Amino acid sequence: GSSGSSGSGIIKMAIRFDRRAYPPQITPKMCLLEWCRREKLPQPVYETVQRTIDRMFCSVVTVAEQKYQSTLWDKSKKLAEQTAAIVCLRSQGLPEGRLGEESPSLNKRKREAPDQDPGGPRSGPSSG
C-alpha cells in the first residue's frame, strides 16, 4: 500500500539529481525506461519549463497517468531532466535510488499555486 503522498494530483518530492550517484556509463533516465519495458508501461514524457522568479529549469515526467515533479529546480535544463527519472523510480519503489536516495540537506520549499477548480486535458469529447 502507498505510504502517503503529500499533494492531490502531482506527487511532489525533494530530490536533486546527483551525478556522483551514477557513473558516466549509466543514467537515471535510462533506468526508468528499462523499467517501463517489464511493466508493459508506455514510455514516459519529459517536460522542462522555465520560470520567471528564478529563471530556473525543472523537468516533469509522467508515467501510468501519474506526474512526478521535484521541489528542487536545476541550474540547467539538462540536469533537471535527470531529476525527473529518479523521482519516478523512487515513487514506484525501485532500487534505482538507494545509491543516494538519502542525503544531509537543509532544503525545504513548498511552492503553492492558486486554483479555484481542477482541470486537465480533454478526457473524452463530452463532459466527464
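Cβ: placed from backbone, ideal geometry, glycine included. Neighbour counts: every protein chain shown. Every read-out reported here was derived from the displayed coordinates using simple, explicitly stated rules and does not represent laboratory data.
For this structure, a couple of remarks:
- Cα lying deepest toward the dipole's positive end in segment 1-101, options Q25, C36, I11, charges on Cβ: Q25
- Most mobile of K75, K29, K67 in a GNM of the chain (Cα contacts under 10 Å): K75
- Helix-only CD estimate at 222 nm, as mean residue ellipticity for the chain, using -39500 (n - 2.57) per DSSP H run (n ≥ 4): -6500 deg cm²/dmol
- Total formal charge among the other residues, if their Cβ is under 13 angstrom from that of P121, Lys/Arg +1 and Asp/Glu -1: +1
- Charge context of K67, other residues only, Cβ under 12 angstrom, K/R +1, D/E -1: -1
- Per residue, the Cα convex hull of segment 63-120 amounts to 131 Å³.
- DSSP beta bridge pairing in segment 12-128, given as percent antiparallel to the nearest 5: 80
- Among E39, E96, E47, residue whose mean-square fluctuation peaks in a GNM of the chain (springs only between Cα atoms under 10 Å): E39
- Test item: Cα-centred dipole of segment 1-101, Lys/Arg +1 and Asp/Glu -1 on Cβ, debye: 200
- Ratio of the Cα radius of gyration of the chain to 2.2 N^0.38 Å, where N counts its residues: 1.11
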